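Here is the structure we will look at, set down as structure tokens.
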Amino acid sequence: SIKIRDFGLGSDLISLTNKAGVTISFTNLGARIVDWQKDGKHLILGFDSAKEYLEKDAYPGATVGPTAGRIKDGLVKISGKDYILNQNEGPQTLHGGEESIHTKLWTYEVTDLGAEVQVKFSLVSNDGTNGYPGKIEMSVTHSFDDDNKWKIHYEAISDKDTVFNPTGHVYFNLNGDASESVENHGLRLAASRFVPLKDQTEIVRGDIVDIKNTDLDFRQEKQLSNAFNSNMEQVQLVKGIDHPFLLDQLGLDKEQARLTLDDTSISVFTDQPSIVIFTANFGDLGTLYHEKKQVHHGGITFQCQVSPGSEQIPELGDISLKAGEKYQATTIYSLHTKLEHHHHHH
Amino acid sequence: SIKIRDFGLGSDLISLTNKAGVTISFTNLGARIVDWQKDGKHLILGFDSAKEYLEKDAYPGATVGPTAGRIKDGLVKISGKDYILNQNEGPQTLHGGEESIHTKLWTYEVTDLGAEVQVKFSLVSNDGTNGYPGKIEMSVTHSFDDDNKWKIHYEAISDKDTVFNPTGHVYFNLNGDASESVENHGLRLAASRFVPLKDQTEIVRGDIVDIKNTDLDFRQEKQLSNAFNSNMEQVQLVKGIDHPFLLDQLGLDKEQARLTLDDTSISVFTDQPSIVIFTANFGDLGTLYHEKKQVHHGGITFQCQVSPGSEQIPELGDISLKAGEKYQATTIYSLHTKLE
Ligand SMILES: OC[C@H]1O[C@H](O)[C@H](O)[C@@H](O)[C@H]1O
Ligand SMILES: OC[C@H]1O[C@H](O)[C@H](O)[C@@H](O)[C@H]1O
Ligand code: NA
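If you read the protein sequences in the order shown, they are chains U and F. The numbering of the first sequence is our numbering, which starts it at 4 and goes up by one. The numbering of the second sequence is our numbering, which starts it at 202 and goes up by one.
And the structure:
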């Protein structure tokens, strides 16, 4: 079933329930996921109204871009030309600049396919918005089906050569309570290398490093606490994890990550080359989620995209988008129960 | 009473009915007026869903900007520097460029004051959007009261020196049917001068012309047909009226214009210096409103703003907006019914 209601400030809340009774909800403010529940438990972080996003933290569950992550000094080179983008984090351009796409009301249409329901959100980034050449016609389709798969499909076309590398900013917390650390979750991730950050400004260091057999090696499932407890320089730099992980094998067919807590698992599939993992390293900020004060490490993202820093590390990829060329990206989060035996204590 | 409903594509329709039983409706799509009706008759032109506006004509009833009207060559000078804005009508920038603020979903909040209800729409125009320096945080408040006054109050703040001169693009048609010309309405307008257009591109000619004792003098109420049957080359040029008229006396307290048909009249008040009057000179286009085929002359605007063309005729005014200055503008359309 599909239900809709005002969510505040003129945004709407679109709630879907599949045949298995799992419910998931989205808002056109930022073409964002608001909630995902199984048996009355929140599997992700979200707020109860649009205003909360605008006043507390506008990134959770949002579609972010046109470029996700940090761009050093807001500088990109487009078809031999240098362009300077809005700089919203010091000299850095973070998630497309200030008042970016995650803050706008997108228009949308819902398509009921029966075993699958699609919510296609649309928005036009005008030419020159935040320094980006355009215009860019974007669309984000979120869909949920009877097999418990939540899929995100991105599409975009630009009138001018530009750059495009958006992502979905959901935060998982299988505890269903923001005040509970995700250190008790087990994580498996098919990546042998990561991108280190230069310093507290979080721009990339410039090298790619092998993490096999370190506390950041999750090729084989391990508790997140192993990482959180680590004193590796990179962990200490950010007080948790806030880095791009380079997938070892590409392809939408491969389970690239799996996050488990007791009998519940979330599997990640994508056609993108990397996954930026940020573990809500907010310290004592304590943003309130459903009246629960969020704890340091009270959430984790799986931002699938071309890794940030390609400006400095060309090997990471090319996010340029030629005029008239159609961009597409697909990311899938799937829910499972009793996928494996995960019985731990923290 | 206030009623909010889905208007299509995620847009909302906010309808306000006052003590008098008069209903006005707006949508966040373009911070726009959709309908205005009395005793079941529409006073303005509008569609029945968000999609229609996007497919048929996105201007009707919308908030247009950041700059309303045509800018020659899309060129403006900001702090001695040339800036080229998005060009969407040949080399001109018309109504802020393509996919402008009238096509966006603005956020909004409703405030019920009892005799008066306000709907405050907000939108951020990012720095560089369509070539305009920013960011510009904008808000447009449409309000309706028990005195049948529909008011529009604009506010803006920019992080950088820029240009700003929006307008409301409602089209009136007291016939209540788009298939009927407005030639039968009577118009009164407190302006003795107008801004002639250069040619069919509709850019300004360069001069200011006295209209006293011409077919365009409405200082004294007269029927539209007059203007419409005039042989003045300017009328002939556009096949109707599509011009900025310069108001003789500035100030919000002066009734600047009045549109009348039978017992029903609309009065216009504004703090702006000019009123752009466009008479829906669409020829055979036949756009459909409520299933009625629009006729050439099937509507008329009162766009209050600084006259277009100030880029070439500085006397007209200056639309610049300095960083950190607060822009404000107010326009009111008041509805009256003679108890005959
Ligand atoms: O809160 C926004 C969040 O976005 C991503 O997760 C970044 O990597 C984090 O450093 C942080 O900036
Ligand atoms: O439909 C848009 C309309 O906008 C204004 O009123 C112009 O002056 C008209 O020439 C026309 O372009
Ligand atoms: Na809506």
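Just so it is clear, CB atoms sit at the ideal spot from N, CA and C, and this is done for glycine as well.
Bridge partners of residue 390 (chain F) according to DSSP: F:458.
The beta carbons of residue 250 (chain U) and residue 237 (chain U) sit about 19 Å from each other, so the pair does not count as a contact at 8 Å.
Within the same chain, 73, 91 come within 6 Å of residue 97 (chain U) by CB-CB distance, once the 5 residues on both sides are set aside. If you ignore the 5 residues before and after residue 23 (chain U), its C-beta comes within less than 7 Å of the C-beta of 149, 151, all in its own chain and listed in chain order.
Not a single unbroken stretch of the alpha helix (DSSP H) spanning 4 or more residues falls wholly within the segment 457-505 of chain F. The three-state secondary structure of residue 426 (chain F), taken from DSSP, is helix. Rounded to whole angstroms, the separation of the alpha carbons of residue 330 (chain F) and residue 282 (chain F) is 17 Å. Per DSSP, the continuous alpha helix (DSSP H) segment holding residue 56 (chain U) begins and ends at 53-58.
Taking a C-beta distance under 8 Å as the contact criterion, residue 498 (chain F) and residue 441 (chain F) qualify as a contact pair. Contact between the segment 291-307 of chain U and the segment 170-190 of chain U is present: 3 or more CB-CB pairs across the two stretches fall below 8 Å. In this structure, the alpha-carbon of residue 460 (chain F) lies about 27 Å from that of residue 356 (chain F). For the 8 Å CB-CB criterion, residue 225 (chain F) and residue 214 (chain F) do not form a contact. Only buried fits residue 335 (chain U), as 16 or more other CB atoms lie within 10 angstroms of its CB.
Between residue 235 (chain F) and chain U, the shortest Cβ-Cβ separation is not below 8 Å. In this structure, U:140 is the residue among U:140, U:25, U:61, U:49 with its C-alpha nearest to the C-alpha of residue 329 (chain U). In terms of Cα proximity to residue 320 (chain F), the closest of F:302, F:297, F:354 is F:354. In the displayed model, residue 105 (chain U) falls within a helix according to three-state DSSP. Proximity of the beta carbon of residue 211 (chain F) to ligand 3 is indicated: a heavy atom of the ligand is located closer than 7 Å. In terms of Cβ geometry, residue 164 (chain U) and residue 269 (chain U) do not form a close pair [threshold 8 Å].
Here the segment 197-214 of chain U lies against the segment 222-240 of chain U, with 3 or more beta-carbon pairs under 8 Å apart. Checking the DSSP bridge columns, you'll see residue 148 (chain U) partnered with U:119. In the three-state reduction of the DSSP assignment, residue 268 (chain F) falls in the strand class. Boundaries for residue 529 (chain F): no alpha helix (DSSP H) harbours it, while the beta strand (DSSP E) harbouring it runs 527-538, taken from the DSSP string. A distance below 8 Å separates the beta carbons of residue 518 (chain F) and residue 474 (chain F).
Judged by beta-carbon spacing, residue 102 (chain U) lies within the 8 Å limit of residue 336 (chain F), meaning their Cβ atoms are closer than that value. Identification of residues in the segment 321-334 of chain F having a C-beta nearer than 7 Å to some C-beta of chain U yields 325, 327, 328, 329, 330, 331, 332, given in sequence order. Under DSSP, the beta-bridge partners assigned to residue 96 (chain U) are U:74. For the segment 73-92 of chain U, the residues whose beta carbon sits under 8 Å from a beta carbon of chain F are, in order, 89.
A distance below 7 Å between beta-carbons, with the five flanking residues on each side excluded, links residue 327 (chain F) to the following residues of its chain, in chain order: 335, 336. With a cutoff of 7 Å, residue 480 (chain F) does not count as near ligand 2, since its C-beta is closer than that to no heavy atom of the ligand.
The alpha-carbon of residue 404 (chain F) is positioned some 25 Å away from that of residue 426 (chain F). Residue state for residue 364 (chain F) is assigned as strand, using DSSP reduced to three classes.
Burial state of residue 408 (chain F) is exposed, judged by a 10 Å Cβ sphere holding fewer than 16 other Cβ atoms. Taken from the Cβ of residue 504 (chain F), at least one heavy atom of ligand 2 lies inside 7 Å. At a C-beta separation below 8 Å, residue 9 (chain U) has these neighbours in chain F: 205, 213. For the 8 Å CB-CB criterion, residue 298 (chain U) and residue 183 (chain U) form a contact.
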